[PDB]
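Next comes just one chain, in structure tokens: the form deposited in one PDB entry.
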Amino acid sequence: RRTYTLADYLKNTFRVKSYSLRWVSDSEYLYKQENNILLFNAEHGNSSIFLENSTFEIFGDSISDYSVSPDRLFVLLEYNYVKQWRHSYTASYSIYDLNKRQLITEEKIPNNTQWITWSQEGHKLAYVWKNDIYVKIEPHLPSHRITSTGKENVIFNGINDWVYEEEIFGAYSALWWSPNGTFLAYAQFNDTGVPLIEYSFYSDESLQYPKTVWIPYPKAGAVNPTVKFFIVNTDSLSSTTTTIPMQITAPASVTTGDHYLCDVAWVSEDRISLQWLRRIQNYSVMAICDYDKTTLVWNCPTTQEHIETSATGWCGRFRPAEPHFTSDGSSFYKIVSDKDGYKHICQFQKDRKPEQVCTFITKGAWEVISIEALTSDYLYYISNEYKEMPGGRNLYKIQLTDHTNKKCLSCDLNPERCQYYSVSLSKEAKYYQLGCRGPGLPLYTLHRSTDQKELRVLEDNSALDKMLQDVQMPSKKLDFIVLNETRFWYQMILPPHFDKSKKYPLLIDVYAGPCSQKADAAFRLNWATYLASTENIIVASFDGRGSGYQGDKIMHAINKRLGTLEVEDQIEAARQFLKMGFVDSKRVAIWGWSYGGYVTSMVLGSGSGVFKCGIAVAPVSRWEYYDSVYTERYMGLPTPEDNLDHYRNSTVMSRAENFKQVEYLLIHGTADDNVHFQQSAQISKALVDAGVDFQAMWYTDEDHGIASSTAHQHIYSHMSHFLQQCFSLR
């Protein structure tokens, strides 16, 4: 008879478990249990201690993470983790020798490393420190410095500058070991002409004068950083004081103007795959380069060029998809849009072919989410094909020799509980583990790939289940509405004993950025759960135009003009929800974070009269303020020669007037390096000039995520009270 309190959410009262394993081979995996890394044998539950409750304690309680060398001989112990940006951070490291049973203490690794990684083979280490790359052929041996051009906020060797880390790679690392570890490829970035953004950091109240953080950040249209790709021969390190890395230069069709390095992918140890993109992500080129043993040079013949294009928008979902080469790198499978605009899997031959470079191996009005593995005879992938549910996720399997032999491996399993699967195959797909994120409580099981026999259940949230028994959980409808003759999915978090006859207040949850998906079949315990279970508020999300994985027709619909259709469609969907009867039209709200805050604001300022109040957290107010790689992908360049008009037209401040008809709560982090605060500061000023009263809230020194513990609780409590006040509740 107890409800799901905001405290339950903020204090993470009801923990949801999972089974994050690490395939160490084609048949064994590592698993952390009671702070003990155990080696498990897929097949027979056969287990065994790998690292003990012990070890980890030497480095006290600061052991941030661990990385086992592929040959399982050493373990990297991360500690002193200091975050910086979405994925970047610096730590301290120690190499533990499993065999000799103790910490290597000789040629230690610098106490402020920005990135480190094992080779794919033995115990080779490559790490970036002070923006320069270093290599240690073996843990006990000394470091060999690979670069020295490294310089803060200027030259990045082996790590990404701000925009690359955020918009292109989504990772800090810019290193790539070749298979067998002979070479080490890396990218270099020059942030020289890139302009700076500078925000204040107050720190402990003891700091008398606030700090100033500056970051080379390119806003739409600004000068971007530049790139260079190198591959260095890791073997010759012992015979020189300095090795000379060879450089690969981007293809001619990309060099005429600004461009980016899209993706890196080693094919074999004498072949590497590189994808390049033009600043106007209209065009993309994936070159395949071969190592010339004679002239000790890499060649990227235009015969193996391969061009990807888009006349509807940009390339790929957020960037060209990654290639998956056959064992002998003669061919590769890659997800690309078919004639109908549906992201599917098709085959390529190393050498390009005149307007027939592909052969689609998948067809349908659904899309392939990702290629999970490629055996010598099978291609395992994940799609949203089943039951025509774009919001669902299932694991499939096609036989290379026979494209008709296509079988779903999770569709049957638990149709009730599971409709959203995540996968994880062993080193050679002998076994696989399924992650049911599906409708019901998450369920983890592993199966033998041959016959799919479910060897055993790794984790079923029985524990959680027992607890949620004494609690009044809300439900989640996941259906679709049809507009202009097209299906448009949505979801709703209905409060407990939801009576379709009564009328509840509605809260629209938004994001709606290009290729986003807020309506899916995944189980979650968030603030929306609290809102329905205790405030009796229906929280609903709607994936409209410019969204999800439903073909380019729908996604590219927003091209060159954000702050348009995705905004309208959000309003339209609310109307449709009202027509569904059980919504108290006199109490409808809308909120969102980042892109979501933008749309919230764009909706509240639409004067549509449909919404009472709204909350925007770290919203974008006008695209010229946001970074280049992201903005330009959908908006082009903010110049009169391109899309300047649409830029200036989609401003939030341009709608300050319409805010008089709404209660608005603007929240922004003070140290937000992603969405600059400048954005909200610009919005509040616009409303002040418009004589529109509203509520604001800044979070001192908080990130783009406002995710520090106290801040996290504070911001949700404050928003809760805002809704309570707005919905006449409390």
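All residue numbers refer to positions in the sequence shown, first residue = 1.
Not pictured, yet referred to below: the form deposited with a small molecule bound.
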Revision key, fill the gap. Within 4.5 Å of the small molecule in the entry with it bound by heavy atoms, the stretch out of 417 to 425, 594 to 602, 461 to 469, 235 to 243 is 594 to 602
Review point. Among 166, 535, 372, 552, which has any heavy atom within 4.5 Å of the small molecule in the entry with it bound?
Key: 166
Practice item. Scan 319, 324, 144, 123 and let me know which has any heavy atom within 4.5 Å of the small molecule in the entry with it bound. Key: 319
Review point. Using heavy atoms and a 4.5 Å limit, would one call residue 620 a contact residue for the small molecule in the entry with it bound?
Key: yes
Exercise for review: Mark residue 440 yes when one of its heavy atoms lies within 4.5 Å of a heavy atom of the small molecule in the entry with it bound, and no otherwise.
Suggested key: no
Exercise for review: Using the partner position in the entry with it bound, report whether residue 660 sits within 4.5 Å of the small molecule, counting heavy atoms only.
Suggested key: no
Review point. Do residue 674 and the small molecule come within 4.5 Å of each other in the entry with it bound, heavy atoms counted?
Key: yes
